[PDB]
Each structure stands twice: as C-alpha cells, then as structure tokens.
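Engineer: One structure is given below, represented as structure tokens, and several questions about it will come after.
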Amino acid sequence: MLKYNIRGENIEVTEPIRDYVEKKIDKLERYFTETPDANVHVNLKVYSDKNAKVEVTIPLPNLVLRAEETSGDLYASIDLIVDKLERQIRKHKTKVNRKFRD
Amino acid sequence: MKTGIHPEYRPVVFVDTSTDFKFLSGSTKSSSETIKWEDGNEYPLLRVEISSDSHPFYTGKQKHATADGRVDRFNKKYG
Amino acid sequence: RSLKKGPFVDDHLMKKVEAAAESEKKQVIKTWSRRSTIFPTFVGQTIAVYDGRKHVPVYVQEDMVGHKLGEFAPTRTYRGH
Amino acid sequence: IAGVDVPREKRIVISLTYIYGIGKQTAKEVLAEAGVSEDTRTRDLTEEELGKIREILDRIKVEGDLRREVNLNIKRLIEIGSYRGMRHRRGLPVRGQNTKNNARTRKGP
Amino acid sequence: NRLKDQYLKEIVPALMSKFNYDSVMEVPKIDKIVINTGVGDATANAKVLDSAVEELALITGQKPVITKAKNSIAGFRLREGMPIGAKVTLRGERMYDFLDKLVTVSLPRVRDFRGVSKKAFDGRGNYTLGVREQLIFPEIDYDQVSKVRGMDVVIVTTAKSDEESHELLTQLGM
RNA sequence: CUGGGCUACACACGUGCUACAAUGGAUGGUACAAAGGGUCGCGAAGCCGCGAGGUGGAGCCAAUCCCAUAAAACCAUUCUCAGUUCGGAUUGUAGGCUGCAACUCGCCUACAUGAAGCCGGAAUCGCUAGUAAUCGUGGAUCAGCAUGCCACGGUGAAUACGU
Ligand SMILES: [Mg+2]
Ligand SMILES: [Mg+2]
Ligand SMILES: [Mg+2]
Ligand SMILES: [Mg+2]
Ligand SMILES: [Mg+2]
Ligand SMILES: [Mg+2]
Ligand SMILES: [Mg+2]
Ligand SMILES: [Mg+2]
Ligand SMILES: [Mg+2]
C-alpha cells in the first residue's frame with residue numbers, strides 16, 4: 001500500500017499523468033515482498049528546451065530509494081526512472097542476504 | 001391465597017419527610033421501624049422523599065422557576 | 001461593542017430603517033454594514049445584507065434581536081466533497 | 001435521596017457534584033447555608049441536616065429543568081438561520097476554531 | 001384500604017349526579033390491575049428473567065407466573081415454550097392499596113414529572129400506563145437494582161367508554 | 001473604496017502543547033535568582049469587584065521608581081487506586097479588554113456540561129556535564145492577539161567494555 005505525492009511545478013498534474021506515474025511505480029511491489037506503507041515524493045519540471053525531469057524518493061525502512069532523470073519528454077523519463085530504482089532494491093536486498101551467508 | 005409462596009406483606013404507615021404528610025398503605029418492605037398512628041397502626045415508619053403533595057404535576061406547583069422576555073432583557077440590559 | 005459602552009449600531013443603516021417605519025416592510029433595505037447588532041426597531045423588517053459578492057435578503061424576527069446582521073448571511077459556499 | 005442517587009462511601013462535598021447542574025464551587029455555598037461541615041460522610045448526615053440541604057438546593061436549578069433549557073437554546077438557533085445553527089446542525093466546531101485538522105471531539109471518529 | 005372507602009362514599013355520589021345513571025350498579029369501577037414485563041432479551045441468559053420475577057414478587061406482594069412464548073419467530077431467535085415475561089394480577093384490597101401507593105408516592109418520582117398521558121385509552125374504557133424505570137416504586141433500592149427495565153401496569157375498568165373512565169380516574173387522583 | 005477571502009474540510013503527512021495520576025490532585029504557610037523593558041511610556045499605594053478588571057495618581061527620561069509576589073522545592077491536613085477529588089476538549093449562559101468595528105475571524109474571566117485518554121503496533125528521534133530531564137522569567141514584531149522564535153536563571157542524572 002503506497003501513498004503518492006506529486007509536486008507539479010511549471011506543469012499541470014493532469015489525471016492521465018497521475019495514472020501513468022501511479023501504475024509504473026506500482027510494479028516495484030513484486031521485489032520487496034513487504035513494502036511497509038510509505039509516502040512517495042515525486043517532482044516534475046520542464047524547461048524551455050523541451051526537457052523533462054522526474055525525481056522519486058521512496059523511504060523504505062532500511063532502503064532509501066532514489067533516482068533522478070532528464071530526457072526529452074515526460075513519459076520517457078518515467079519509464080527510464082524504474083531502471084535506476086529497481087537496481088537499488090536489487091542491490092540492497094541481495095547485499096544483505098548473501099553476505100550474512102558468507 | 002396460596003400459602004408459603006408469597007412474600008410478606010405486613011402493613012406499614014407512610015410519612016413524608018418533606019412536609020410531614022401522614023399516609024397509611026401497607027407495603028412489602030419491612031424497613032425495620034415501628035410507629036403507631038390513627039388509633040393504632042403499629043408498623044414501620046417508612047420515610048420517603050417528596051410525595052404527590054409537592055410534585056409538579058401531582059400538586060399545585062406554581063413556578064419553581066422564572067421566564068424570559070429577551071427584548072425586555074435587551075431593553076433592561078442595554079438600558 | 002461587547003462592553004457596557006455599547007451597543008454598536010451603524011449610523012446610515014440605523015437611520016434608513018428609522019424613516020422606513022412608515023413603509024412597514026414595504027421596501028427592501030440594501031446595506032453593507034454587517035457589524036450592527038439587530039435592534040428591536042428592526043423587528044419585522046427585511047434587509048439585504050452583502051455576503052461578499054451579492055445581497056441576500058433576511059426577514060427580521062423577534063428572536064433575531066441582539067445578534068449581528070452577518071450571522072444570517074453565510075459567506076463560504078460549502079456543498080460537501 | 002437528593003434528586004437522584006448519590007454515592008454512599010463518598011463525601012457530601014464530592015457526592016453532591018453527581019447531579020447535573022451543580023459543581024465543586026457551588027457545593028461550598030449549599031454546604032454553608034446548610035450549616036454542616038464539609039468533611040462529613042454521606043451516610044452520617046441526619047434528617048435535619050439533609051432537610052436543610054434539600055431546601056437550599058431547591059432554589060438553585062437542577063437536572064431536567066436545566067437539561068431542557070440548554071437544548072431549547074440550541075433549537076432556537078437551528079431554524080432562525082444564524083451561523084451557529086449550521087455548525088450545530090452539521091456537527092462542525094461552533095466557536096472560532098479551525099477545521100482543516102483537529103475537530104474530532106465534535107465531529108467524532 | 002381507605003381509597004376504596006372514599007371511592008364508594010364520595011366519588012360514587014359524584015358519578016351519580018354527574019352522569020345521571022339509571023340504577024346504582026351502572027356506575028363504573030375498577031375491576032383488576034394487571035402488571036406485565038418483557039424478558040425477550042433473556043433468550044440466552046435465563047437468569048435475568050428470574051431476577052425480574054423476584055423483583056415483581058417483591059414489589060407487588062404476590063409471586064408472578066412466568067409466561068411462555070406462543071410462537072417460534074426466527075427474527076427474535078425464538079422457540080415455542082420459551083419463558084418470556086411475567087404477570088401479577090391484583091383483585092380487591094391489594095388492587096386498591098397498590099393503586100393508592102402508585103398515585104400518591106410512585107408517580108411523584110419520575111425524572112420528568114409533567115403529567116400522565118391524556119391519550120392512552122384503548123377506546124373502550126381501559127387505561128394502560130407505561131412506566132419504564134425500575135425504582136419509580138419506592139420499595140426497591142438502588143443497590144439491589146441489577147438492570148434498569150420497565151413495566152406495564154394496566155387498569156381495567158367497567159366503564160363503557162373513554163370519557164367516564166377519564167373522570168373516574170381523575171376522581172381517584174390520576 | 002466597501003464587502004469577502006488567505007481561518008474551508010470526507011481525508012493524508014510533518015512539527016509542537018496537554019494528559020493518561022499517589023514521586024499525584026486539592027487546601028493553608030513560607031524561602032531562594034539571573035537576564036532585560038519603560039516619555040504621545042512604565043504605571044505603585046489606596047478604594048471596589050469572587051474573577052478577568054475599574055477609579056486613582058505617587059515616583060521615574062532611571063545601579064534611584066515601576067514592570068515584579070519567581071515556579072518547581074520545603075512544611076501541615078485531606079483524598080485512598082476508581083475513567084476517579086486524574087484529564088481537560090466540547091458546549092449553554094453571564095462578563096471584562098483593545099479597537100470606528102470581535103458574525104465570518106481576537107484574547108481573558110465567572111457558573112454549569114463533562115469527551116478521548118489508564119503509557120501507545122511496525123518504525124523512528126535527541127543527548128557525553130551544569131549536558132539530557134524538569135520548572136519558572138524576559139524581549140522582538142505588537143492598539144489587541146504565540147502551545148512559535150530569540151535569550152535568562154532554579155533543581156539536576158545515567159552510561160561510554162569497545163570499533
Ligand atoms: Mg517499463
Ligand atoms: Mg483562531
Ligand atoms: Mg496562512
Ligand atoms: Mg482537577
Ligand atoms: Mg466572539
Ligand atoms: Mg468550571
Ligand atoms: Mg474507553
Ligand atoms: Mg489507573
Ligand atoms: Mg504581545
């Protein structure tokens with residue numbers, strides 16, 4: 001159960017954009033089998049030269065997930081920000097388990 | 001009147017402590033008292049709170065309160 | 001005025017209804033002063049009170065004496081969620 | 001006893017406050033005009049003492065008569081159209097306190 | 001005991017020269033008083049029923065008879081024969097004395113004493129009162145009270161219509 | 001320029017204040033500070049009111065007078081483990097004060113009403129000595145309004161093997 005919070009500046013947070021952000025970051029639940037309910041901080045901003053930025057923070061208890069991206073349009077950045085986040089969950093989880101198993 | 005299956009119902013004399021209003025009507029409760037009235041009615045002197053001689057609907061209670069006038073109070077309070 | 005020196009009544013509102021006693025609820029009164037306590041002289045009259053963007057009419061009763069005009073002219077428009 | 005049952009093991013200064021419309025400070029006067037000591041158990045006062053208290057407490061307002069008066073005032077505001085009426089009729093905080101947060105003691109759970 | 005005496009010595013002439021009755025026995029009187037209680041909540045716990053039974057036996061003077069259900073309504077989780085309620089019937093001296101106690105000392109105990117209902121008549125001369133607090137009757141005590149529960153005192157009169165029952169009750173003191 | 005709004009409210013999050021009582025509540029007596037402000041300003045004695053407050057005008061352009069009685073602590077009585085003599089929200093009535101004006105939308109007082117709450121899940125924060133903890137005091141903004149901010153003092157711990 002994830003609770004979102006989008007800080008739309010220099011842009012309008014339309015419902016289609018809200019649905020796109022919610023459904024793409026919602027697939028992270030498969031990895032981290034108990035995601036304690038936490039608040040997601042999402043920021044969007046667009047420049048004058050048609051560049052889009054997304055910043056995500058998901059403060060899981062021992063897992064501080066972040067990723068920030070800059071690309072052409074808004075949708076490419078959101079699709080490319082999952083890869084940076086999924087790496088950190090896979091990095092943090094498999095670091096704990098295999099090391100205590102020498 | 002079947003015997004042995006009824007609670008005791010000895011007579012009793014009522015007294016109203018509010019205004020000293022004597023009254024006679026037998027009651028089941030013994031109340032552990034003794035007093036004789038009206039040429040001999042020796043029984044418990046059961047005390048009680050206000051009877052029908054002082055209640056609002058059961059007696060002639062006049063006001064026990066006051067009223068309001070509002071606009072009168074506004075005229076009185078303001079001057 | 002919530003003190004002994006009161007009550008507080010707006011001049012131009014008080015004078016207008018005072019000369020409207022001949023009308024006897026024959027003219028609507030269009031006023032802005034919401035900070036005037038309702039007087040006994042106001043009873044039976046209908047006044048239009050500015051609620052921030054328009055005038056809303058209220059018929060003065062006896063129960064309304066001692067209150068302010070604005071109490072019967074809600075400002076915020078709430079209709080649930 | 002004195003309008004309604006009052007506690008027995010308690011004290012008269014404390015026991016009286018168990019009836020609607022009376023409080024700790026007002027219990028000082030009704031125990032002063034009655035001329036009876038404050039530190040007296042309820043199951044110790046005689047009829048003469050209890051009689052004066054009931055006579056003294058009669059002048060002051062009590063439950064029922066006070067319970068209906070306050071509700072009558074609340075009703076008067078509901079249909080007159082005053083602002084406090086909509087607060088009373090909708091359960092939102094009546095006086096001058098906010099509503100964005102912390103209005104649960106009147107709105108409920 | 002006395003209330004019957006005043007009834008048959010002063011109220012009787014008043015009804016006589018107020019209603020212009022032909023003969024003597026046409027004047028109405030009080031036939032019986034029947035008191036009822038409901039323990040429909042005692043479907044599971046059968047002991048609160050018993051507690052109410054000794055309550056009624058104490059308060060009247062005669063033990064009540066436990067009433068059994070006449071149906072098996074599933075809405076009230078009922079089966080036929082389940083003991084529900086109790087009743088005490090007063091006829092004669094006990095009736096008059098109990099009514100006197102009720103009118104002179106029991107009624108001046110209700111929390112909001114404004115007057116008994118003036119429209120509680122079944123339409124044929126019988127009055128049903130609906131007191132719903134336990135120790136309205138002074139006999140029982142607050143400590144002994146285990147569950148606040150109401151009662152149904154019913155007065156059955158020989159009058160043929162409501163109004164003369166109304167005047168008879170007012171003459172008695174209701 | 002007047003009026004309204006920035007004070008909305010099914011709800012979610014962050015930061016604080018008050019509690020869930022006996023090392024405590026209530027009643028009576030009494031001791032001990034530092035740092036600051038005061039001239040269209042501080043405002044004492046006296047008198048009145050249960051109270052918030054009112055009249056009054058002393059002295060002070062201040063190591064001089066006022067703000068200004070410090071509170072926890074100490075000493076006696078009572079309450080006797082309860083949703084209570086704990087807790088105070090909420091609300092009805094009656095008042096005070098500033099301001100031309102207190103309804104939206106101020107602060108305080110008197111009476112009465114008496115709610116959740118009996119130590120808080122997963123998780124998480126601060127602190128190494130006059131520190132944490134706890135109790136009072138003052139100042140800026142200010143006609144009025146701080147549980148916020150910036151400063152002052154009173155009482156006063158536990159623990160640190162170690163990386
Ligand atoms: Mg993808
Ligand atoms: Mg406010
Ligand atoms: Mg703001
Ligand atoms: Mg207390
Ligand atoms: Mg106000
Ligand atoms: Mg109080
Ligand atoms: Mg509870
Ligand atoms: Mg406890
Ligand atoms: Mg200030």
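Each chain in the structure tokens gets a letter, A, B and so on, in the order shown; residues start at 1 in every chain, and ligands are counted from 1 in the order they appear.
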Please check which protein, DNA or RNA residues sit within 7 Å of ligand 2, counting only C-alpha atoms (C1' of nucleotides) and all ligand atoms, and write them as a PDB file with N, CA, C and O atoms (P, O5', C5', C4', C3', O3' and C1' of nucleotides), in the first residue's frame.
Structural biologist:
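What follows is the written file out.pdb:
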ATOM      1  N   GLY D  96     -14.869  29.889  17.423  1.00  0.00           N
ATOM      2  CA  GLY D  96     -13.842  30.283  16.481  1.00  0.00           C
ATOM      3  C   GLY D  96     -12.584  29.437  16.506  1.00  0.00           C
ATOM      4  O   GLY D  96     -11.517  29.919  16.894  1.00  0.00           O
ATOM      5  N   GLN D  97     -12.693  28.173  16.094  1.00  0.00           N
ATOM      6  CA  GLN D  97     -11.535  27.310  15.918  1.00  0.00           C
ATOM      7  C   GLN D  97     -11.625  26.588  14.581  1.00  0.00           C
ATOM      8  O   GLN D  97     -12.713  26.369  14.044  1.00  0.00           O
ATOM      9  N   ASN D  98     -10.459  26.229  14.050  1.00  0.00           N
ATOM     10  CA  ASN D  98     -10.344  25.796  12.667  1.00  0.00           C
ATOM     11  C   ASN D  98     -10.849  24.369  12.484  1.00  0.00           C
ATOM     12  O   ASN D  98     -11.250  23.686  13.428  1.00  0.00           O
TER      13      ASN D  98
ATOM     14  P     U F   7      -5.175  29.960   5.281  1.00  0.00           P
ATOM     15  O5'   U F   7      -6.325  30.500   6.239  1.00  0.00           O
ATOM     16  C5'   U F   7      -7.638  29.949   6.188  1.00  0.00           C
ATOM     17  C4'   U F   7      -8.118  29.522   7.551  1.00  0.00           C
ATOM     18  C3'   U F   7      -9.589  29.136   7.631  1.00  0.00           C
ATOM     19  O3'   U F   7      -9.747  28.092   8.587  1.00  0.00           O
ATOM     20  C1'   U F   7      -9.167  30.926   9.106  1.00  0.00           C
TER      21        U F   7
END
Engineer: With only C-alpha atoms (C1' of nucleotides) and all ligand atoms counted, collect every polymer residue having an atom within 10 Å of ligand 6; state the result as a VMD selection string.
Structural biologist: (chain D and resid 23 to 26) or (chain F and resid 110 to 113)
Engineer: Kindly provide, as a PyMOL selection string, all nucleotide and amino acid residues lying within 9 Å of ligand 9, counting only C-alpha atoms (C1' of nucleotides) and all ligand atoms.
Structural biologist: chain F and resi 141-142+144-146
Engineer: Per DSSP on the backbone, what are the strand (DSSP E or B) residues of chain A, as an MDAnalysis selection string?
Structural biologist: chainID A and resid 3:8 39:46 52:59 64:71
Engineer: Check every protein, DNA and RNA residue against ligand 8, keep those with an atom at most 10 Å away (counting only C-alpha atoms (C1' of nucleotides) and all ligand atoms), and present them as a list in words.
Structural biologist: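 Using only C-alpha atoms (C1' of nucleotides) and all ligand atoms, everything at most 10 Å from ligand 8 comes to residues 20, 21, 81, 82, 83, 84, 86 and 118 of chain F.
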Engineer: Write the selection just made, keeping N, CA and C atoms (P, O5', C5', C4', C3', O3' and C1' of nucleotides), as a PDB file, in the first residue's frame?
Structural biologist:
ATOM      1  P     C F  20      -1.856  12.453  34.088  1.00  0.00           P
ATOM      2  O5'   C F  20      -2.414  11.014  33.700  1.00  0.00           O
ATOM      3  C5'   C F  20      -3.801  10.726  33.783  1.00  0.00           C
ATOM      4  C4'   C F  20      -4.215   9.721  32.741  1.00  0.00           C
ATOM      5  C3'   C F  20      -3.576   8.347  32.847  1.00  0.00           C
ATOM      6  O3'   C F  20      -4.205   7.515  33.804  1.00  0.00           O
ATOM      7  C1'   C F  20      -3.483   9.091  30.608  1.00  0.00           C
ATOM      8  P     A F  21      -3.355   6.379  34.551  1.00  0.00           P
ATOM      9  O5'   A F  21      -2.171   7.189  35.228  1.00  0.00           O
ATOM     10  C5'   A F  21      -1.889   7.047  36.606  1.00  0.00           C
ATOM     11  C4'   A F  21      -1.446   8.357  37.196  1.00  0.00           C
ATOM     12  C3'   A F  21      -1.121   8.340  38.675  1.00  0.00           C
ATOM     13  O3'   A F  21       0.178   7.841  38.938  1.00  0.00           O
ATOM     14  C1'   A F  21      -2.475  10.212  38.180  1.00  0.00           C
ATOM     15  P     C F  81      -9.439   2.715  46.942  1.00  0.00           P
ATOM     16  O5'   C F  81      -8.812   2.408  45.513  1.00  0.00           O
ATOM     17  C5'   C F  81      -9.374   2.960  44.328  1.00  0.00           C
ATOM     18  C4'   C F  81      -8.435   2.824  43.155  1.00  0.00           C
ATOM     19  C3'   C F  81      -7.715   1.485  43.053  1.00  0.00           C
ATOM     20  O3'   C F  81      -7.519   1.155  41.682  1.00  0.00           O
ATOM     21  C1'   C F  81      -6.125   3.222  43.296  1.00  0.00           C
ATOM     22  P     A F  82      -8.453   0.050  40.988  1.00  0.00           P
ATOM     23  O5'   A F  82      -9.882   0.745  40.914  1.00  0.00           O
ATOM     24  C5'   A F  82     -10.301   1.424  39.735  1.00  0.00           C
ATOM     25  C4'   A F  82     -11.637   2.093  39.924  1.00  0.00           C
ATOM     26  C3'   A F  82     -12.108   2.942  38.748  1.00  0.00           C
ATOM     27  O3'   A F  82     -13.524   2.845  38.619  1.00  0.00           O
ATOM     28  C1'   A F  82     -11.886   4.302  40.680  1.00  0.00           C
ATOM     29  P     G F  83     -14.166   2.435  37.206  1.00  0.00           P
ATOM     30  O5'   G F  83     -14.579   3.829  36.558  1.00  0.00           O
ATOM     31  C5'   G F  83     -13.956   4.291  35.366  1.00  0.00           C
ATOM     32  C4'   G F  83     -13.447   5.702  35.517  1.00  0.00           C
ATOM     33  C3'   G F  83     -14.371   6.789  34.982  1.00  0.00           C
ATOM     34  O3'   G F  83     -14.150   7.983  35.729  1.00  0.00           O
ATOM     35  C1'   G F  83     -12.349   6.831  33.782  1.00  0.00           C
ATOM     36  P     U F  84     -15.387   8.837  36.288  1.00  0.00           P
ATOM     37  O5'   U F  84     -14.975   9.168  37.788  1.00  0.00           O
ATOM     38  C5'   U F  84     -15.180   8.216  38.822  1.00  0.00           C
ATOM     39  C4'   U F  84     -14.254   8.437  39.992  1.00  0.00           C
ATOM     40  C3'   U F  84     -14.002   9.895  40.373  1.00  0.00           C
ATOM     41  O3'   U F  84     -13.845   9.981  41.787  1.00  0.00           O
ATOM     42  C1'   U F  84     -11.955   8.850  39.882  1.00  0.00           C
ATOM     43  P     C F  86     -10.006  15.610  39.765  1.00  0.00           P
ATOM     44  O5'   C F  86      -9.062  14.383  39.401  1.00  0.00           O
ATOM     45  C5'   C F  86      -7.733  14.315  39.891  1.00  0.00           C
ATOM     46  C4'   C F  86      -6.794  13.809  38.831  1.00  0.00           C
ATOM     47  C3'   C F  86      -6.788  14.599  37.532  1.00  0.00           C
ATOM     48  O3'   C F  86      -5.923  15.718  37.597  1.00  0.00           O
ATOM     49  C1'   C F  86      -6.903  12.268  37.077  1.00  0.00           C
ATOM     50  P     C F 118      -5.525   4.463  26.796  1.00  0.00           P
ATOM     51  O5'   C F 118      -5.178   4.343  28.346  1.00  0.00           O
ATOM     52  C5'   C F 118      -3.850   4.514  28.815  1.00  0.00           C
ATOM     53  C4'   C F 118      -3.750   4.330  30.311  1.00  0.00           C
ATOM     54  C3'   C F 118      -3.584   2.905  30.814  1.00  0.00           C
ATOM     55  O3'   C F 118      -2.242   2.458  30.751  1.00  0.00           O
ATOM     56  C1'   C F 118      -5.191   4.054  32.132  1.00  0.00           C
TER      57        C F 118
END
Engineer: Around ligand 1, which protein and nucleic acid residues have at least one atom no more than 7 Å from it, if we count only C-alpha atoms (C1' of nucleotides) and all ligand atoms? List them as a list in words.
Structural biologist: residues 24, 79 and 82 of chain A
Engineer: Need to verify the contact set: range 23-28 of chain B, 9 Å, only C-alpha atoms (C1' of nucleotides), exclusion of same-chain residues closer than 4 positions in sequence. Can you return it as a list in words?
Structural biologist: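 So the residues in contact are residues 7, 8, 9, 10, 11, 12, 13, 14, 15, 16, 37, 41 and 43 of chain B; 1, 2, 58, 59, 60, 61, 97, 98, 100, 101 and 139 of chain E.
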Engineer: Can those selected residues be exported to a file as an mmCIF file, in the first residue's frame so that it contains N, CA and C atoms?
Structural biologist:
data_model
loop_
_atom_site.group_PDB
_atom_site.id
_atom_site.type_symbol
_atom_site.label_atom_id
_atom_site.label_comp_id
_atom_site.auth_asym_id
_atom_site.auth_seq_id
_atom_site.Cartn_x
_atom_site.Cartn_y
_atom_site.Cartn_z
ATOM 1 N N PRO B 7 -44.337 -13.391 49.296
ATOM 2 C CA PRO B 7 -43.556 -12.590 50.241
ATOM 3 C C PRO B 7 -44.453 -11.922 51.270
ATOM 4 N N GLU B 8 -43.853 -11.601 52.413
ATOM 5 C CA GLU B 8 -44.596 -10.977 53.499
ATOM 6 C C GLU B 8 -45.125 -9.613 53.071
ATOM 7 N N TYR B 9 -46.324 -9.277 53.543
ATOM 8 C CA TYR B 9 -46.994 -8.029 53.188
ATOM 9 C C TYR B 9 -47.601 -7.375 54.424
ATOM 10 N N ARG B 10 -46.804 -7.230 55.476
ATOM 11 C CA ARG B 10 -47.295 -6.597 56.689
ATOM 12 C C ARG B 10 -47.634 -5.130 56.421
ATOM 13 N N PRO B 11 -48.614 -4.578 57.133
ATOM 14 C CA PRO B 11 -48.974 -3.171 56.932
ATOM 15 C C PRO B 11 -47.845 -2.241 57.344
ATOM 16 N N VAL B 12 -47.880 -1.031 56.788
ATOM 17 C CA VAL B 12 -46.879 -0.014 57.082
ATOM 18 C C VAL B 12 -47.549 1.349 56.993
ATOM 19 N N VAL B 13 -47.021 2.310 57.743
ATOM 20 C CA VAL B 13 -47.515 3.681 57.730
ATOM 21 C C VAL B 13 -46.480 4.552 57.031
ATOM 22 N N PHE B 14 -46.923 5.295 56.023
ATOM 23 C CA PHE B 14 -46.045 6.204 55.308
ATOM 24 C C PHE B 14 -45.972 7.549 56.019
ATOM 25 N N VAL B 15 -44.806 8.181 55.933
ATOM 26 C CA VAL B 15 -44.617 9.550 56.396
ATOM 27 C C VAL B 15 -43.766 10.285 55.371
ATOM 28 N N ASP B 16 -44.181 11.497 55.015
ATOM 29 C CA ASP B 16 -43.454 12.314 54.051
ATOM 30 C C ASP B 16 -42.594 13.310 54.817
ATOM 31 N N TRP B 37 -50.184 4.810 64.406
ATOM 32 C CA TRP B 37 -50.924 6.012 64.049
ATOM 33 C C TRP B 37 -52.390 5.670 63.834
ATOM 34 N N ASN B 41 -51.946 1.757 64.453
ATOM 35 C CA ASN B 41 -51.499 1.150 63.204
ATOM 36 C C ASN B 41 -50.018 0.819 63.318
ATOM 37 N N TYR B 43 -46.598 -0.094 62.983
ATOM 38 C CA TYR B 43 -45.910 -0.593 61.805
ATOM 39 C C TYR B 43 -44.667 0.252 61.564
ATOM 40 N N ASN E 1 -56.447 0.650 51.533
ATOM 41 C CA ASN E 1 -57.723 0.287 52.135
ATOM 42 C C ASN E 1 -58.696 1.456 52.117
ATOM 43 N N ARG E 2 -58.215 2.634 52.519
ATOM 44 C CA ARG E 2 -59.099 3.790 52.617
ATOM 45 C C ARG E 2 -59.619 4.207 51.249
ATOM 46 N N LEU E 58 -41.533 -9.211 44.891
ATOM 47 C CA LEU E 58 -41.280 -8.283 45.982
ATOM 48 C C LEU E 58 -42.151 -7.040 45.863
ATOM 49 N N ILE E 59 -42.270 -6.492 44.654
ATOM 50 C CA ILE E 59 -42.878 -5.177 44.504
ATOM 51 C C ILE E 59 -44.392 -5.228 44.678
ATOM 52 N N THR E 60 -45.039 -6.336 44.318
ATOM 53 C CA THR E 60 -46.490 -6.410 44.454
ATOM 54 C C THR E 60 -46.917 -7.077 45.754
ATOM 55 N N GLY E 61 -46.368 -8.250 46.049
ATOM 56 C CA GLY E 61 -46.756 -8.997 47.226
ATOM 57 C C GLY E 61 -47.119 -10.424 46.876
ATOM 58 N N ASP E 97 -54.947 -0.757 47.398
ATOM 59 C CA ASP E 97 -53.770 -0.284 48.117
ATOM 60 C C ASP E 97 -52.620 -0.002 47.159
ATOM 61 N N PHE E 98 -52.404 -0.890 46.186
ATOM 62 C CA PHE E 98 -51.327 -0.676 45.228
ATOM 63 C C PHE E 98 -51.579 0.557 44.376
ATOM 64 N N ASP E 100 -53.307 3.170 45.247
ATOM 65 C CA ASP E 100 -53.097 4.319 46.120
ATOM 66 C C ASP E 100 -51.613 4.637 46.242
ATOM 67 N N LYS E 101 -50.792 3.606 46.466
ATOM 68 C CA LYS E 101 -49.349 3.816 46.541
ATOM 69 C C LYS E 101 -48.807 4.361 45.226
ATOM 70 N N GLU E 139 -40.212 1.004 46.963
ATOM 71 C CA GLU E 139 -39.894 -0.141 47.810
ATOM 72 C C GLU E 139 -38.504 -0.693 47.510
#
Engineer: State, in Å with one decimal place, the distance from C1' of residue 32 in chain F to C1' of residue 77 in chain F.
Structural biologist: 25.8 Å
Engineer: Determine, counting only C-alpha atoms (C1' of nucleotides), which protein, DNA and RNA residues have an atom within 12 Å of an atom of residue 32 in chain D; residues of the same chain fewer than 4 positions away are not included. Present the result as a list in words.
Structural biologist: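 After dropping sequence-adjacent residues, the list is residues 13, 25, 26, 27, 28, 36, 37, 38, 49, 52, 53, 56 and 57 of chain D.
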Engineer: Please write out the residues within 8 Å of ligand 5 as a PDB file with C-alpha atoms (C1' of nucleotides), in the first residue's frame, counting only C-alpha atoms (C1' of nucleotides) and all ligand atoms.
Structural biologist:
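So out-v4.pdb came out as:
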ATOM      1  CA  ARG D  95     -16.853  28.666  18.130  1.00  0.00           C
ATOM      2  CA  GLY D  96     -13.842  30.283  16.481  1.00  0.00           C
TER       3      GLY D  96
ATOM      4  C1'   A F 102     -14.646  40.723  17.872  1.00  0.00           C
ATOM      5  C1'   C F 103     -20.776  37.363  12.973  1.00  0.00           C
ATOM      6  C1'   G F 106      -9.359  38.192  18.791  1.00  0.00           C
TER       7        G F 106
END
Engineer: Quick one: pick out all alpha helix (DSSP H) residues within chain D from a backbone DSSP run and write them as JSON, numbers by chain.
Structural biologist: {"D": [12, 13, 14, 15, 26, 27, 28, 29, 30, 31, 32, 33, 47, 48, 49, 50, 51, 52, 53, 54, 55, 56, 57, 58, 59, 65, 66, 67, 68, 69, 70, 71, 72, 73, 74, 75, 76, 77, 78, 79, 80, 83, 84, 85, 86, 87, 88, 89, 90, 104, 105, 106, 107]}
